[PDB]
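Take a look at the structure below.
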Amino acid sequence: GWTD
Amino acid sequence: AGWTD
Amino acid sequence: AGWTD
Amino acid sequence: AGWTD
Amino acid sequence: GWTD
Amino acid sequence: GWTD
Amino acid sequence: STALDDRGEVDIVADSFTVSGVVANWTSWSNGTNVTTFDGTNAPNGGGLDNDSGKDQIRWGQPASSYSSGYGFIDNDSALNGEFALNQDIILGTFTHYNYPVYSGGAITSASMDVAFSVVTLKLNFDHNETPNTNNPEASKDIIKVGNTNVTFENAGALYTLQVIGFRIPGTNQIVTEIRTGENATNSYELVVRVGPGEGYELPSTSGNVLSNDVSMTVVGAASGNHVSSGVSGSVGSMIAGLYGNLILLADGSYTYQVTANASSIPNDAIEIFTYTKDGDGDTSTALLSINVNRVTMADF
Amino acid sequence: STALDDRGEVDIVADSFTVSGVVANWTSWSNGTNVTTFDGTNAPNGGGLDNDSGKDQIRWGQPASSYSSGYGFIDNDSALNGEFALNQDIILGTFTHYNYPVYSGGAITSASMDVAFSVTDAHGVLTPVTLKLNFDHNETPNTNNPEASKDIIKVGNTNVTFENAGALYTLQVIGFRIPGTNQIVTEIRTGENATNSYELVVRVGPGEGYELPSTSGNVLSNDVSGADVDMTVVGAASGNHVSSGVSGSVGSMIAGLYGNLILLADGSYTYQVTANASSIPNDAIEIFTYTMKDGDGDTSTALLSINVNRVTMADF
Amino acid sequence: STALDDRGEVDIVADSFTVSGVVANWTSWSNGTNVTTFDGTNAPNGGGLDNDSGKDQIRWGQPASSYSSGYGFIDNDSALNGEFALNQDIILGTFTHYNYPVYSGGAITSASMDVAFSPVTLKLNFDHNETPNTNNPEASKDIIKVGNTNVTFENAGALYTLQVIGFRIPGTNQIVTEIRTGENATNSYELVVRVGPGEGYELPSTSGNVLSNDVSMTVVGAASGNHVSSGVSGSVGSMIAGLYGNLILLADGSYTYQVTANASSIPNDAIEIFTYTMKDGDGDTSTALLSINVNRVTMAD
Amino acid sequence: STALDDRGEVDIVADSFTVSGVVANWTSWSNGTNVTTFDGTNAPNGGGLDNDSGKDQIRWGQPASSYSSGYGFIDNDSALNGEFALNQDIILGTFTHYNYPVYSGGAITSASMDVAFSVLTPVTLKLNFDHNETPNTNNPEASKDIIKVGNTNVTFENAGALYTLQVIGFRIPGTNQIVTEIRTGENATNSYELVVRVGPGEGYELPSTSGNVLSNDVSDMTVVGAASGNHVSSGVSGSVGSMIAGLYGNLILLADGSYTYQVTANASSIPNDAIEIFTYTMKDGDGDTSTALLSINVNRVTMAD
Amino acid sequence: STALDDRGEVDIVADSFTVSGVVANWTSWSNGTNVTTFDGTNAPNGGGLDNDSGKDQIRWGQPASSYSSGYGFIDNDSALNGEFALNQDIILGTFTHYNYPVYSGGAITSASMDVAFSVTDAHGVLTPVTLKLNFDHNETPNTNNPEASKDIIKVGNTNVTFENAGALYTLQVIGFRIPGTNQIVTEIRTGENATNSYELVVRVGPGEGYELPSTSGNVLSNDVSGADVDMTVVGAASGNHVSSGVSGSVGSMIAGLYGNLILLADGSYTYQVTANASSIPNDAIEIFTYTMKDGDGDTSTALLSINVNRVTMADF
Amino acid sequence: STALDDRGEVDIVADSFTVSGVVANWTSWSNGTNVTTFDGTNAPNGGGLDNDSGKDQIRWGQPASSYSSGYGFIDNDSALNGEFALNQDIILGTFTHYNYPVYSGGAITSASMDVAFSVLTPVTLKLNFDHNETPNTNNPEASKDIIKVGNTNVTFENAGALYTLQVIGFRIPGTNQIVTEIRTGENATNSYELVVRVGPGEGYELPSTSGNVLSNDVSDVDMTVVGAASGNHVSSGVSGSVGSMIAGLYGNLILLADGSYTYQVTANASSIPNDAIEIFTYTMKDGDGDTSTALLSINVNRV
Ligand SMILES: [Ca+2]
Ligand SMILES: [Ca+2]
Ligand SMILES: [Ca+2]
Ligand SMILES: [Ca+2]
Ligand SMILES: [Ca+2]
Ligand SMILES: [Ca+2]
Ligand SMILES: [Ca+2]
Ligand SMILES: [Ca+2]
Ligand SMILES: [Ca+2]
Ligand SMILES: [Ca+2]
Ligand SMILES: [Ca+2]
Ligand SMILES: [Ca+2]
Ligand SMILES: [Ca+2]
Ligand SMILES: [Ca+2]
Ligand SMILES: [Ca+2]
Ligand SMILES: [Ca+2]
Ligand SMILES: [Ca+2]
Ligand SMILES: [Ca+2]
Ligand SMILES: [Ca+2]
Ligand SMILES: [Ca+2]
Ligand SMILES: [Ca+2]
Ligand SMILES: [Ca+2]
Ligand SMILES: [Ca+2]
Ligand SMILES: [Ca+2]
Ligand SMILES: [Ca+2]
Ligand SMILES: [Ca+2]
Ligand SMILES: [Ca+2]
Ligand SMILES: [Ca+2]
Ligand SMILES: [Ca+2]
Ligand SMILES: [Ca+2]
Ligand SMILES: [Ca+2]
Ligand SMILES: [Ca+2]
Ligand SMILES: [Ca+2]
Ligand SMILES: [Ca+2]
Ligand SMILES: [Ca+2]
Ligand SMILES: [Ca+2]
């Protein structure tokens with residue numbers, strides 16, 4: 001669930 | 001002018 | 001020769 | 001001629 | 001205490 | 001053993 | 001030999017649906033040049049305004065003199081006040097034919113408009129004849145043909161059909177299914193529809209035979225109203241107008257009565273009265289055919 | 001490889017309804033000036049007489065030379081003698097097109113006529129039936145070209161379904177016919193200052209639309225070829241041509257005595273009875289020949305025999 | 001007040017039928033002189049070749065200048081490779097209009113062609129207008145009208161309908177139902193049909209209401225794609241094109257979505273996304289998404 | 001008050017140069033370990049073949065799993081058939097990004113490639129690339145390596161007039177989007193079309209024309225609507241100051257009537273007698289509206305013209 | 001040995017163009033998912049309102065928590081009141097960076113915005129000028145370190161040259177500024193779940209690039225020494241410091257009232273006007289002091305007085 | 001069919017300007033905390049000494065362990081001895097990257113340094129730097145901080161003609177490799193020569209000449225270059241390297257299959273003698289398949  | 005059909 | 005459709 | 005409908 |  |  | 005009075009009855013659903021504003025969109029057309037569709041505007045040839053964003057206008061042709069020809073449909077949402085009544089002429093909107101002189105070959109041959117609403121989509125079809133223009137102005141008129149299309153939809157578990165009746169000059173009674181419009185002219189017509197129960201729209205009707213209970217036979221006369229004093233002659237097999245509808249009565253006593261009136265025009269306790277008048281001896285006898293026209297609800301059907 | 005004989009059967013209801021005299025009324029029209037409707041009279045342009053008070057005539061236009069144009073429909077009650085036969089051409093009446101020169105713009109664009117009648121069952125129950133007919137009308141602008149100046153009528157192929165003794169029948173418009181000919185047309189063309197009369201042909205049969213009786217099958221289904229050969233129909237014909245075998249006409253309409261066959265290369269066929277029931281005897285059989293070819297290139301010929309069976313409404 | 005996200009689903013049958021080569025026969029016509037029908041040949045005006053003996057060509061009139069007018073239909077058997085796909089445009093063949101000048105009065109007014117295949121027969125109907133020729137070449141064009149006929153047939157216990165859509169210029173997307181052809185010219189068009197489940201052909205569709213799960217309402221905007229950051233204004237009641245079909249969403253939240261795309265163009269996991277903006281009685285606006293899953297199914301269902 | 005139709009025109013050079021096969025050489029780079037350049041081969045990671053001896057491949061890094069990362073550029077000589085068309089997208093070649101996991105620190109930060117060809121006059125286009133071999137983690141999107149290509153160009157002379165060839169960017173084949181940066185997953189390759197254009201003058205510029213539609217209007221006047229095509233029956237609302245796509249290019253029309261139209265289409269897509277039609281609606285101080293057309297000829301001309 | 005006062009002068013064009021409202025459109029971008037471009041609205045993440053239909057907002061990414069990231073540019077049309085002043089900081093608009101957490105990989109890497117505006121052409125026809133702006137975007141992978149997780153924007157120092165009354169001019173991008181501050185930056189860093197608004201500062205002046213007005217000279221040229229006693233500048237300062245003399249700052253940037261001086265040891269100097277033209281009065285003079293040393297080791301001090309002259313565009 | 005020797009020539013300006021000592025000033029930067037600029041000192045992290053009062057050092061960040069990061073530029077005035085030679089690598093100074101661990105977020109993103117000098121005409125070269133102080137992790141290569149220098153230039157006039165000074169890039173002292181980006185480990189310094197060149201005209205361009213070797217060859221005509229090489233290899237003939245960069249003594253040749261070539265002088269002017277000639281060999285093939293070899297002799301003239 002990586003975000004930028 | 002006295003057009004008829 | 002004459003009218004054509 | 002420029003006929004119209 | 002993060003560093004660059 | 002880091003990679004790029 | 002003695003003719004005996006006859007009784008009958010016919011139910012007419014008198015009721016209404018709650019409906020949304022309607023929204024018209026020109027969806028398809030065949031042939032033509034410079035064809036556009038759009039929501040109506042107050043531009044000169046823009047068709048006027050309506051309460052929605054549906055594309056109610058269509059235009060075509062390269063103008064030879066001013067404007068492009070086309071069609072426009074302005075809905076009747078305001079006056080319909082959210083309601084469709086059953087077995088009642090409904091003005092869905094006003095259809096205008098814009099006929100201008102366009103360079104020959106530039107017009108559509110056909111087109112279709114959707115009319116959507118919540119209770120459903122009614123599809124309308126048009127054949128178009130942009131006629132070559134000559135010195136004869138009647139021959140030069142352009143002709144529209146509208147189809148008698150319909151849509152069936154469900155409500156509270158029963159089927160209703162909305163059906164196109166045709167075009168009407170406002171304030172007149174005649175419905176037509178083709179329009180003729182002069183060049184450099186516009187022509188506006190009410191678009192009339194009806195809705196009723198079942199899978200097609202059908203005027204309420206009843207059938208019977210008046211000789212069945214007579215005593216001895218041939219029907220030799222028929223008429224609207226009560227004419228028993230005089231008896232009646234003729235009109236056997238003709239359409240006989242009554243107050244609410246039409247009768248046809250054949251020589252063998254068989255009849256059909258059809259309610260054409262708007263439901264709004266039909267009171268409670270409505271009765272339609274006809275008179276009919278011969279046996280093998282040549283003796284005549286006259287009696288009445290009395291038909292109740294009963295207003296009922298969707299529920300009671 | 002060997003083609004075997006095929007057999008099929010098709011039922012045609014051959015029967016009649018008892019019916020009243022028919023009554024025609026022009027009920028509606030669009031556009032036109034000076035439009036009238038009426039029961040026909042022996043006035044010059046009155047259309048002639050019929051046994052009823054229905055309005056069988058319609059007229060329109062301001063005349064430019066004599067009479068008004070219009071339509072008239074004289075029923076065939078006398079000869080129909082109270083009967084409609086099933087799967088049988090019925091002359092409902094004679095439709096006449098009166099085309100006269102009227103001042104331009106004065107003619108209708110369309111119109112509709114009702115034809116009403118009652119139907120009796122075996123118990124004496126009358127059932128009222130109305131057939132609606134629709135007409136598109138083109139009163140063409142008149143010029144020096146007389147063929148272009150002809151006026152054109154278009155009849156719709158409308159129908160009505162009605163009940164009798166618990167089963168549905170449909171009466172269906174077929175079209176217009178010049179009397180003594182066999183061609184049906186659905187449009188009429190009529191010269192100016194002329195009349196044109198045509199038989200109006202209808203048919204009635206069982207069910208909710210009218211359909212010619214028909215049967216379908218496949219002739220290769222029972223034919224014989226090695227498990228490793230495909231079979232193909234390469235010929236078909238009416239009658240018995242087994243001595244010679246047959247070539248061609250695969251997928252063409254093949255006229256037989258009572259109807260038409262179409263047989264495709266994969267053996268599938270449809271046969272359709274077009275004949276009037278009156279023309280179909282008892283023990284009627286329709287015979288065709290076909291030739292098959294297998295993967296080896298070997299041919300074999302056989303027959304397709306279809307029994308045309310006359311039956312009643314009760315037994316259908 | 002808060003607009004919530006909606007979810008819908010529409011199923012599109014994506015399968016294929018195994019079919020024979022098709023065979024066309026002109027069966028009937030009205031009027032005309034010198035009318036002939038025949039299997040096409042490579043004679044100059046013979047129409048070209050097809051793999052069968054059906055009579056795919058019809059000709060009429062006494063030529064005034066060269067050839068007779070008529071129609072021809074060359075099937076597409078080769079490319080169809082024995083298959084009809086469902087909910088997929090099918091080129092049944094190429095229809096050519098041969099318009100030549102024939103002596104006036106010599107042309108048909110209508111005609112009918114059968115197309116048979118395995119045993120199913122589609123009947124096609126044509127109205128024909130061989131127009132009187134003048135100095136105006138657009139007015140002199142001859143006009144064909146094709147009917148939107150269909151045939152229902154059974155397969156593995158369920159009904160399918162094949163339906164005529166109309167004529168298309170090859171390499172274009174426009175379907176027309178009437179053709180106009182200049183004198184001394186030919187005009188060839190793809191004849192497009194579709195087949196799907198049921199007793200008439202209908203584009204797959206689904207309906208709903210987006211306001212039903214909203215919290216508080218009038219829809220004041222709609223658009224294709226995801227435009228939640230901005231919100232949307234207008235297009236309420238307009239046809240809104242998506243990737244696979246069209247949306248109409250009315251002010252009261254009711255919508256219909258219709259899959260127009262060829263099944264071949266619809267991937268697995270296909271989703272159609274729209275945005276709408278709602279306004280409440282306070283005048284406050286809120287935006288959300290309507291996400292409609294377009295699911296490729298089989299005839300098996 | 002009355003809006004009056006407006007006319008304009010724009011010339012687009014439609015023509016071609018005769019050119020040689022192109023030859024690519026990686027000439028310089030910054031940083032990286034084990035950097036090599038070479039003419040492409042059919043070795044597994046060799047980049048494929050081209051018709052020349054220019055060094056079209058570059059590689060770097062100590063592999064941690066299989067192959068070295070790098071770039072490769074396979075020219076489009078065959079299909080270009082010796083020709084550069086003007087104002088026409090040119091696929092100069094196919095650029096492939098080879099991203100493999102290499103031991104950290106081993107990759108270049110930048111590099112430049114020469115593309116030479118004759119028009120006889122040699123011409124050399126220099127291309128520049130910034131490279132970011134990102135440290136690899138469990139997040140595969142963050143671990144992608146990123147390339148940035150510069151929009152460089154070269155001006156050269158032909159028959160006494162200047163032409164410029166200009167880098168447009170990278171394109172996925174069969175798509176229309178040009179990008180100037182590429183992102184590539186680890187253990188993957190990514191091939192794109194290097195798109196260039198050439199036209200007259202000292203930089204490359206899309207053909208364009210400007211005008212004002214209110215100049216010939218009859219009456220304060222303000223443009224309140226604009227649209228592609230002919231919408232005079234209806235009139236138009238909105239899109240004042242938006243980019244409006246036509247058949248061959250884009251219009252921007254401001255509220256004071258000033259407009260610029262820019263031809264973006266490939267010259268090949270532009271017929272003879274090409275005309276671009278727009279509609280605009282004007283409003284005067286009274287609040288009265290009027291609609292008219294802006295018609296722009298898009299004229300195909302030769303280099304000589 | 002004796003230092004002699006020096007003089008100089010520099011012209012600064014002080015004048016204005018009449019211009020239309022400006023219109024911004026995001027025209028292109030590279031990479032990203034769910035990228036939209038639209039006119040700004042008062043939706044929560046809609047960017048706010050502007051007087052035009054240009055697409056001044058751009059957004060990208062699938063939101064992981066609320067909103068999409070992006071950029072927005074609200075023009076300064078109201079306060080600019082139809083005017084661009086020369087050699088004067090111009091706030092073209094306010095640029096906002098919307099940084100939200102989006103699922104990784106979903107953001108653009110770059111984008112370009114057009115800003116168009118009308119200016120009268122050679123014949124007095126209002127025709128357009130377009131400034132192109134370029135942005136590199138780094139939506140950084142988010143971690144527990146919030147400074148590392150900030151997203152970074154880089155704006156290019158682009159420009160456009162255009163003609164007016166026969167003389168070219170170049171509007172040029174200077175960079176971003178926190179309102180009410182004076183620092184210009186060319187990169188912005190913005191925390192996750194935050195917005196960051198900055199004035200976008202441009203300048204316009206004469207010629208084919210934008211350049212601050214400047215003048216150069218040498219202060220030792222008129223100074224007095226023996227033939228073989230070379231002279232060297234050993235001190236410089238803003239203002240008049242002749243009583244004391246000055247030491248140091250040779251080769252440093254020396255701030256004056258209107259600009260900066262650099263004076264080298266060999267007497268060569270450049271003076272550059274950085275001030276907004278609005279801040280420069282008539283009869284403006286910039287005064288510096290320098291001290292010289294000769295070969296003997298003797299020092300002498302004098303003044304460098306540079307007139308800053310406001311001129312029109314008519315004057316070139 | 002016969003290949004015929006070809007000749008060419010290229011001029012390289014070999015000359016010098018008289019110039020002052022140079023003076024560097026950090027003029028601008030974006031972002032960062034505790035940013036200072038100053039003239040270098042012998043403080044531990046002060047950058048060392050230079051002969052002027054320009055602010056040659058810049059620093060930033062709150063130190064997490066010792067010192068602040070930054071940049072420093074020590075001019076090369078002593079060894080340059082008042083002279084810029086044309087078409088000759090010039091070490092303008094030594095640029096040092098000081099990378100220390102600073103609390104995250106505290107570093108600049110970019111900066112600009114002026115280098116001013118008289119030639120007496122004052123001239124200023126502007127240098128631009130992008131800076132990436134990377135977040136520090138357990139991976140020391142990923143944790144390195146990265147500098148990017150622009151290839152900027154300045155044009156100035158001398159005796160009525162234009163010269164351009166141009167940044168080439170950074171070089172490790174005693175090496176030949178120029179880079180335009182530097183990577184530096186945390187708690188480390190990295191020093192590089194900053195290399196510039198100056199030559200005539202409005203941008204800097206290596207001297208070059210172009211031609212076609214097939215133009216004078218004899219063969220209808222169907223000639224193609226199939227080989228090329230540095231030096232004289234006529235006995236053997238040459239095969240391959242058509243369209244490759246071919247290193248000679250003073251520069252590089254590219255020769256295409258249709259005979260067109262460009263030769264570019266890369267050597268420092270100091271390395272180019274009088275009577276300098278660059279010799280290449282090429283082999284041609286005609287439509288018959290017959291080969292012939294000859295020489296391309298390009299004079300390198302000091303002017
Ligand atoms: Ca009775
Ligand atoms: Ca409405
Ligand atoms: Ca409206
Ligand atoms: Ca509307
Ligand atoms: Ca007209
Ligand atoms: Ca007309
Ligand atoms: Ca058999
Ligand atoms: Ca009768
Ligand atoms: Ca009668
Ligand atoms: Ca009658
Ligand atoms: Ca007539
Ligand atoms: Ca006529
Ligand atoms: Ca076939
Ligand atoms: Ca054939
Ligand atoms: Ca055939
Ligand atoms: Ca014809
Ligand atoms: Ca004709
Ligand atoms: Ca909702
Ligand atoms: Ca105008
Ligand atoms: Ca090549
Ligand atoms: Ca190769
Ligand atoms: Ca190569
Ligand atoms: Ca990698
Ligand atoms: Ca990586
Ligand atoms: Ca002095
Ligand atoms: Ca604005
Ligand atoms: Ca706005
Ligand atoms: Ca805007
Ligand atoms: Ca973010
Ligand atoms: Ca981030
Ligand atoms: Ca030679
Ligand atoms: Ca110094
Ligand atoms: Ca110092
Ligand atoms: Ca210093
Ligand atoms: Ca550090
Ligand atoms: Ca670091």
Side-chain angles (χ1 to χ4, degrees), chain A, chain I residues 229, chain J residues 20-27 36-43 46-59 70-78 92-96 113-117 124 127 139 141-142 194, chain K residues 31-35 45 58-71 96-109 111 135-153 188-196, chain L residues 135 225-228 239-246 254-257:
Chain A
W2 296 286
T3 55
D4 295 346
Chain I
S229 298
Chain J
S20 66
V22 309
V23 178
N25 287 287
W26 291 101
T27 63
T36 51
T37 63
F38 53 94
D39 188 41
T41 76
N42 290 138
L49 299 174
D50 77 9
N51 62 7
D52 60 54
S53 294
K55 292 174 184 64
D56 48 282
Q57 306 289 314
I58 180 164
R59 299 285 188 284
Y71 307 152
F73 178 74
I74 306 299
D75 71 54
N76 198 30
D77 279 350
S78 300
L92 199 63
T94 293
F95 182 103
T96 302
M113 178 178 80
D114 277 359
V115 181
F117 61 95
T124 295
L127 297 91
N139 177 354
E141 291 288 340
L194 159 58
Chain K
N31 305 306
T33 89
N34 200 38
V35 195
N45 198 36
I58 180 164
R59 299 285 188 284
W60 51 77
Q62 298 170 35
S65 105
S66 51
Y67 305 118
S68 282
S69 300
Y71 307 152
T96 302
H97 181 190
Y98 308 84
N99 178 7
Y100 289 97
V102 303
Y103 286 114
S104 260
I108 65 166
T109 50
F135 303 84
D136 296 336
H137 188 69
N138 181 4
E139 193 108 7
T140 62
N142 287 336
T143 66
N144 294 318
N145 177 354
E147 291 288 340
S149 297
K150 292 192 176 180
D151 294 347
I152 307 165
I153 309 171
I188 293 163
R189 305 177 56 250
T190 304
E192 294 293 309
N193 287 309
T195 71
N196 222 343
Chain L
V225 177
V226 298
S239 195
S241 295
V242 183
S244 340
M245 295 317 262
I246 300 173
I254 185 170
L255 169 58
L256 306 182

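Numbering of ligands and ligand atoms starts at 1, following listing order. Note that these values count all heavy atoms, side chains included, but never hydrogens, waters or copies made by symmetry. Below, chain A is the first sequence line, B the second, and so on; all start at residue 1.
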Which is the closest N/O/S atom of [X] when seen from the Ca ion (ligand 29)?
X        : value
K/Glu139 : OE2
A/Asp4   : O
K/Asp151 : OD2

How about K/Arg59 and K/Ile108: do any of their side-chain heavy atoms sit closer than 4.5 Å? no
Closest approach to the Ca ion (ligand 22) by J/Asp56, given as the N, O or S atom name: OD1
The atom of J/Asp39 among N, O or S that is nearest the Ca ion (ligand 22) is OD1
When you check the side-chain N and O atoms of K/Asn99 and K/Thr190, is any donor under 3.5 Å from an acceptor? no
Could you verify whether a donor N or O on one side chain and an acceptor N or O on the other, from K/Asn142 and A/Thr3, lie under 3.5 Å apart? yes
Check whether any N, O or S atom of K/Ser69, backbone or side chain, sits closer than 3.0 Å to the Ca ion (ligand 29). no
I'd like to know if the Ca ion (ligand 29) has an N/O/S atom from K/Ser149 within less than 3.0 Å of it, counting both backbone and side-chain atoms. no
is_close_aromatic(K/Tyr71, K/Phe135), centroid dist under 6.0 Å: yes
Test side-chain contact (heavy atoms from CB on, under 4.5 Å) on J/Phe73 and J/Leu127 and set out the steps. CA-CA 11 Å; J/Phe73 178 74; J/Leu127 297 91; over 6 Å; no
Say whether, by atom type as modelled, one donor and one acceptor occur between the side chain of L/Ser239 and the main chain of L/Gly227 under 3.5 angstrom. no
Is there an N/O/S atom in J/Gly54 at a distance below 3.0 Å from the Ca ion (ligand 22)? yes
L/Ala228 to L/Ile246 - nearest heavy-atom pair and separation: CB-CD1, 3.6 Å
Kindly report the OD1-the Ca ion (ligand 29)-O angle for K/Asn99 and K/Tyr100 respectively, rounded to 10°. 80°
Rounded to 10°, how many degrees is the angle OD1/J/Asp50-the Ca ion (ligand 21)-O/J/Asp52? 80°
